[PDB]
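Remarks on the structure that follows.
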Amino acid sequence: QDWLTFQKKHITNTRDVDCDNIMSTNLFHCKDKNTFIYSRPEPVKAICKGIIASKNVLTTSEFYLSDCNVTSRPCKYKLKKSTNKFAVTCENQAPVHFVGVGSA
């Protein structure tokens, strides 16, 4: 989509996110699982340096990222708080898509 709205979708202001509450917003619209990126926008975009075409890149740094995984309970979750690097799809040297946490 775009660099700015990607922030609205995955860039949050809190490491301790009430994702359990947030999910009632159509943004998450009672999702099963979503990771967030608690970061400044600039550090995030820096991963995409050199990336013109749309392709995913792995973060060189570790970021404060949490995964809301829905339990057996309907739209109720567990929070998994992690600090790791992530993969994002960059285009025009801007992250627009989140691929997921998973790396060495």
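How things are named: the first chain in the structure tokens is A, the next is B, and so on; residues count from 1 in each chain; ligands count from 1 in the order shown.
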I want to know what sits within 10 Å of residue 32 (chain A), based on only C-alpha atoms, with residues of the same chain fewer than 5 positions away left out; could you give that as a PDB file with N, CA and C atoms, in the first residue's frame?
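The new file around_1.pdb reads:
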ATOM      1  N   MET A  23      -8.112  -5.219  19.017  1.00  0.00           N
ATOM      2  CA  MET A  23      -8.603  -6.085  17.947  1.00  0.00           C
ATOM      3  C   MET A  23     -10.055  -5.797  17.587  1.00  0.00           C
ATOM      4  N   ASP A  67       3.424 -10.713  19.429  1.00  0.00           N
ATOM      5  CA  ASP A  67       2.456 -11.450  18.625  1.00  0.00           C
ATOM      6  C   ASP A  67       1.194 -11.723  19.429  1.00  0.00           C
ATOM      7  N   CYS A  68       0.053 -11.275  18.924  1.00  0.00           N
ATOM      8  CA  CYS A  68      -1.224 -11.597  19.552  1.00  0.00           C
ATOM      9  C   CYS A  68      -1.771 -12.873  18.954  1.00  0.00           C
ATOM     10  N   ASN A  69      -1.645 -13.976  19.665  1.00  0.00           N
ATOM     11  CA  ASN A  69      -2.200 -15.229  19.183  1.00  0.00           C
ATOM     12  C   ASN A  69      -3.498 -15.539  19.897  1.00  0.00           C
ATOM     13  N   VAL A  70      -4.559 -15.702  19.121  1.00  0.00           N
ATOM     14  CA  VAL A  70      -5.873 -15.975  19.668  1.00  0.00           C
ATOM     15  C   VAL A  70      -5.920 -17.376  20.280  1.00  0.00           C
ATOM     16  N   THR A  71      -6.423 -17.452  21.503  1.00  0.00           N
ATOM     17  CA  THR A  71      -6.598 -18.729  22.187  1.00  0.00           C
ATOM     18  C   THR A  71      -7.809 -19.483  21.654  1.00  0.00           C
ATOM     19  N   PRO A  74     -12.888 -17.226  22.029  1.00  0.00           N
ATOM     20  CA  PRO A  74     -13.222 -16.418  20.857  1.00  0.00           C
ATOM     21  C   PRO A  74     -12.717 -14.985  20.972  1.00  0.00           C
ATOM     22  N   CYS A  75     -11.716 -14.669  20.154  1.00  0.00           N
ATOM     23  CA  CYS A  75     -11.157 -13.321  20.061  1.00  0.00           C
ATOM     24  C   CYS A  75     -10.436 -12.918  21.342  1.00  0.00           C
ATOM     25  N   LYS A  76     -10.021 -13.910  22.109  1.00  0.00           N
ATOM     26  CA  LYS A  76      -9.210 -13.669  23.293  1.00  0.00           C
ATOM     27  C   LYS A  76      -7.822 -14.238  23.055  1.00  0.00           C
ATOM     28  N   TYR A  77      -6.792 -13.545  23.509  1.00  0.00           N
ATOM     29  CA  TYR A  77      -5.439 -13.864  23.075  1.00  0.00           C
ATOM     30  C   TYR A  77      -4.476 -14.092  24.216  1.00  0.00           C
TER      31      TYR A  77
END
Point to revise | Selection near residue 63 (chain A), 7 Å with only C-alpha atoms, sequence-local residues under 5 positions removed, as a VMD selection string | key: chain A and resid 83 to 85
Let me see the file: selected residues, C-alpha atoms, as a PDB file, in the first residue's frame.
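Writing done, so here's part10.pdb:
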ATOM      1  CA  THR A  83      12.785  -8.735  20.698  1.00  0.00           C
ATOM      2  CA  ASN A  84      13.968  -9.913  17.305  1.00  0.00           C
ATOM      3  CA  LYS A  85      14.504  -8.838  13.724  1.00  0.00           C
TER       4      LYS A  85
END
So that I can check the secondary structure, give me every residue of chain A assigned helix (DSSP H, G or I) by backbone DSSP, as a ChimeraX atom specification.
/A:3-10,19-22,41-48
Expected file: the selected residues, N, CA and C atoms, as a CSV table (one decimal), in the first residue's frame:
chain,number,residue,atom,x,y,z
A,3,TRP,N,3.9,3.8,2.7
A,3,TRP,CA,4.8,3.9,3.9
A,3,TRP,C,4.1,4.4,5.1
A,4,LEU,N,3.2,5.3,4.9
A,4,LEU,CA,2.5,6.0,6.0
A,4,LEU,C,1.4,5.1,6.6
A,5,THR,N,0.6,4.5,5.8
A,5,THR,CA,-0.5,3.7,6.3
A,5,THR,C,0.0,2.3,6.8
A,6,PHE,N,1.2,2.0,6.4
A,6,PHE,CA,1.9,0.8,6.9
A,6,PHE,C,2.1,1.0,8.4
A,7,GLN,N,2.3,2.2,8.8
A,7,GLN,CA,2.6,2.6,10.2
A,7,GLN,C,1.3,2.4,11.0
A,8,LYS,N,0.2,2.8,10.4
A,8,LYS,CA,-1.1,2.7,11.0
A,8,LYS,C,-1.5,1.2,11.2
A,9,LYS,N,-0.9,0.3,10.3
A,9,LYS,CA,-1.3,-1.1,10.3
A,9,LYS,C,-0.3,-1.9,11.3
A,10,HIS,N,0.9,-1.5,11.4
A,10,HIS,CA,1.9,-2.3,12.1
A,10,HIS,C,2.8,-1.5,13.0
A,19,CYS,N,-3.4,-5.5,22.7
A,19,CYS,CA,-3.8,-6.0,21.4
A,19,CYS,C,-5.2,-6.7,21.6
A,20,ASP,N,-5.4,-7.3,22.7
A,20,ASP,CA,-6.7,-7.9,23.1
A,20,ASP,C,-7.8,-6.9,23.0
A,21,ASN,N,-7.6,-5.7,23.3
A,21,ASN,CA,-8.6,-4.6,23.2
A,21,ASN,C,-8.6,-4.0,21.8
A,22,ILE,N,-7.4,-3.8,21.3
A,22,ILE,CA,-7.3,-3.1,20.0
A,22,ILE,C,-8.0,-3.9,18.9
A,41,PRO,N,9.6,5.3,12.9
A,41,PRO,CA,9.5,5.0,11.5
A,41,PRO,C,10.8,4.9,10.8
A,42,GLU,N,11.7,5.9,11.1
A,42,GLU,CA,12.9,6.0,10.4
A,42,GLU,C,13.8,4.8,10.4
A,43,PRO,N,14.1,4.2,11.6
A,43,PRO,CA,14.8,3.0,11.8
A,43,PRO,C,14.2,1.8,10.9
A,44,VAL,N,12.9,1.8,10.8
A,44,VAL,CA,12.2,0.8,10.1
A,44,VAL,C,12.4,0.9,8.6
A,45,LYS,N,12.3,2.1,8.1
A,45,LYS,CA,12.5,2.4,6.7
A,45,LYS,C,14.0,2.1,6.2
A,46,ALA,N,14.9,2.2,7.2
A,46,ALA,CA,16.3,2.0,6.9
A,46,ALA,C,16.6,0.6,6.4
A,47,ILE,N,15.8,-0.4,6.8
A,47,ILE,CA,16.0,-1.7,6.3
A,47,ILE,C,15.9,-1.8,4.8
A,48,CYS,N,15.1,-0.9,4.3
A,48,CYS,CA,14.6,-0.9,2.9
A,48,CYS,C,15.6,-0.1,2.0
### Atomic distance CA of residue 11 (chain A) - CA of residue 38 (chain A), expressed in Å with one decimal
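Computing the Euclidean distance for CA of residue 11 (chain A) and CA of residue 38 (chain A) yields 5.8 Å.
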**Message:** Which residue is closest to residue 18 (chain A)? Choose from A:88, A:103, A:80, A:96 and count only C-alpha atoms.
**Reply:**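 Looking only at the distances to residue 18 (chain A), the closest residue turns out to be A:80.
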For CA of residue 37 (chain A) and CA of residue 12 (chain A), determine how far apart the two atoms are, in Å to one decimal place.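 Calculated distance between CA of residue 37 (chain A) and CA of residue 12 (chain A) is 6.2 Å.
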Based on the backbone DSSP call, show me all residues of chain A assigned strand (DSSP E), as an MDAnalysis selection string. chainID A and resid 11:12 33:35 37:38 55:58 63:70 77:84 86:91 94:101
Can you tell me, as a short mmCIF file (atom, residue, chain, number, x, y, z; two decimals) with C-alpha atoms, in the first residue's frame, what residues are no more than 9 Å from residue 87 (chain A) when counting only C-alpha atoms, ignoring any on the same chain fewer than 4 positions away?
data_model
loop_
_atom_site.label_atom_id
_atom_site.label_comp_id
_atom_site.auth_asym_id
_atom_site.auth_seq_id
_atom_site.Cartn_x
_atom_site.Cartn_y
_atom_site.Cartn_z
CA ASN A 56 11.03 -8.54 1.60
CA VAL A 57 14.13 -7.75 3.65
CA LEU A 58 15.32 -8.99 7.05
CA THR A 59 16.01 -6.42 9.77
CA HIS A 97 4.14 -5.06 4.13
CA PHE A 98 5.09 -7.19 7.10
CA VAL A 99 6.22 -10.73 6.35
CA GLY A 100 6.81 -12.04 9.82
CA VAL A 101 9.39 -12.63 12.50
CA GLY A 102 11.69 -15.51 11.71
CA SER A 103 15.44 -15.58 11.34
#
What's the 6 Å shell around residue 93 (chain A), counting only C-alpha atoms, without same-chain residues fewer than 6 positions away, as a PyMOL selection string?
chain A and resi 48-49+51-52
Take the residues just selected and output them with N, CA and C atoms as an mmCIF file, in the first residue's frame.
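selection28.cif was written with the following content:
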data_model
loop_
_atom_site.group_PDB
_atom_site.id
_atom_site.type_symbol
_atom_site.label_atom_id
_atom_site.label_comp_id
_atom_site.auth_asym_id
_atom_site.auth_seq_id
_atom_site.Cartn_x
_atom_site.Cartn_y
_atom_site.Cartn_z
ATOM 1 N N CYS A 48 15.058 -0.895 4.264
ATOM 2 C CA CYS A 48 14.650 -0.922 2.872
ATOM 3 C C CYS A 48 15.586 -0.112 1.987
ATOM 4 N N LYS A 49 16.715 0.308 2.537
ATOM 5 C CA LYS A 49 17.659 1.121 1.786
ATOM 6 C C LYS A 49 18.248 0.330 0.622
ATOM 7 N N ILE A 51 16.328 -0.859 -1.742
ATOM 8 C CA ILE A 51 15.225 -1.671 -2.234
ATOM 9 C C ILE A 51 14.255 -0.835 -3.056
ATOM 10 N N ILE A 52 14.250 -1.020 -4.359
ATOM 11 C CA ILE A 52 13.351 -0.260 -5.214
ATOM 12 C C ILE A 52 12.113 -1.085 -5.539
#
Item to complete: State, in Å with one decimal place, the distance from CA of residue 26 (chain A) to CA of residue 72 (chain A).
Response: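 Spanning CA of residue 26 (chain A) to CA of residue 72 (chain A) is a straight-line distance of 20.9 Å.
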Exercise for review: Could you tell me which of A:54, A:24, A:89, A:14 comes closest to residue 39 (chain A) if we count only C-alpha atoms?
Suggested key: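 Going through A:54, A:24, A:89, A:14 one by one, the smallest distance to residue 39 (chain A) is for A:14.
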